[PDB]
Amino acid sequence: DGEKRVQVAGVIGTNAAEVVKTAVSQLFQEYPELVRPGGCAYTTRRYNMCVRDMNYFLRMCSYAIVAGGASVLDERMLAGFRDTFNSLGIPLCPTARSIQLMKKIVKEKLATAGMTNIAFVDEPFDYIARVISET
């Protein structure tokens, strides 16, 4: 387990910038509102913070897999972002999708690298997505 968990975070840490850029690209296809006025990536300032946020979530997921699970992540802190995002008009369902997309992009690269029987990787993506979109 521990060796594969390290091997996974190596792949994610190596392919960190591309996994985000690939995930945000497909996110804007399915949610084109984000690149329109009102959306959370209309301006360059907002877009930069949008890829920054996605990088934070993938970052948390890599550590969570290396650490042994999503228990390490603080549920109050993630629930703090839920309230902030609602207040600042960042919609929660697209935020959830972006994480679940980043799960999918990571799952491809691990399979293309060679790894199979990779269910444990899902946990912190599905956990952060669950606590973000709870209401």
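Residues carry their position along the shown sequence, with the first being 1.
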Exercise. What stretch has the higher average Cα B-factor here, 103-111 or 46-54?
Worked result: 103-111
Seminar exercise, completed: residue 96: CA B-factor among chain residues, third -> lowest
Seminar exercise, completed: On the chain's distribution of Cα B-factors, residue 66 falls within the third called middle
For this session: Please place residue 8 in the lowest, middle or highest third of its chain by C-alpha B factor as given in the entry.
Result: highest
